[PDB]
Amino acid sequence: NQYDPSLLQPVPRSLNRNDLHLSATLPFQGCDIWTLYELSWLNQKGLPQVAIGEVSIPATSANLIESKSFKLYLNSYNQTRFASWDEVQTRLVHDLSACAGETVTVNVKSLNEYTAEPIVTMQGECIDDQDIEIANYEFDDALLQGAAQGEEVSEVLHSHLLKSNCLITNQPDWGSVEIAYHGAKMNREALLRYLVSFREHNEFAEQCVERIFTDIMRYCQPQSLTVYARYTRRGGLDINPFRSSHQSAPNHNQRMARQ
């Protein structure tokens, strides 16, 4: 099958935001950063081209794009001849923006642009090295009750232990998550227990990040908050949702060890 934009499947963001009981105006801003590791098409003479794509979809877009549909759409490029890389980038912007309902940004980069680029970790302190027992992996937002009793602080925490189950497919999704806030100091055991409680929970990556943001806001009430997760790819695409009370986007899209 060749180029087929009808393969793209929008999902309205409002569907799941409903269960978060979000007020008239969003309590966050941000974007979903996608990495497209398997971009490939043919040039006009039929010779294959390969590239990596970077896409930023605004959190305010009416729709997110369902990932399997995004994969199938990209595969439709594989046997299609295009006269230039410019055309490919242009079509991606057009088709993904039409699906999402808002202008998305797309970078199409040749593979040489990645030579010597680093694997990165996240900022601040890892909270994973704790001596606690966990036996109940059922989702429980109430694990955050009274979690922020401490002195007013600014800190950045991260964990590599985020896992949830894919809403449509049950297959596990693996991620790291970075939480930066200014407010009463958060209890790290409670936070890790809460994050681990996603382990047998069904939702999309974007929706998990919004749930973490909204739960921390309601239970811990920081003055400012950013939640950023980076998930490992499925079908050649990864999703990196960023949500913040005050920030727009992360500084870069550098990959982590499992990505």
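Don't overthink the numbering: it's just position in the shown sequence, from 1.
Colleague: Can you tell me which stretch has the higher mean Cα B-factor, 15-23 or 235-243?
Modeller: Mean B over CA atoms: larger for 15-23.
Colleague: Between 32-40 and 189-197, name whichever shows the higher mean Cα B factor according to the PDB entry.
Modeller: Comparing 32-40 with 189-197, the higher average CA B-factor belongs to 189-197.
Colleague: Using the entry's values, work out which of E113, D173, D95, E138 has the largest Cα B factor.
Modeller: When the deposited C-alpha B-factors of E113, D173, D95, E138 are compared, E138 is largest.
Colleague: Between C126, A100, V120, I132, which one tops the list for C-alpha B-factor in the PDB entry?
Modeller: Comparing C-alpha B-factors across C126, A100, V120, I132, the maximum falls on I132.
Colleague: Would you mind checking where the Cα B-factor of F204 ranks among the modelled residues of its chain, as the lowest, middle or highest third?
Modeller: Tercile = middle for this residue's CA B-factor.
Colleague: By the record's CA B-factor, is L72 among the lowest, middle or highest third of residues in the chain?
Modeller: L72: CA B-factor falls in the lowest third of its chain.
Colleague: Taking the entry's C-alpha B-factors for this chain, is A180 in the lowest, middle or highest third?
Modeller: It falls in the middle third of the chain.
Colleague: Lowest, middle or highest third: which one holds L47 when the chain's residues are ordered by CA B-factor from the entry?
Modeller: Lowest third.
Colleague: Rank-wise, by C-alpha B-factor, drop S154 into the lowest, middle or highest third of its chain.
Modeller: It belongs to the highest third of the chain when residues are ordered by C-alpha B-factor.
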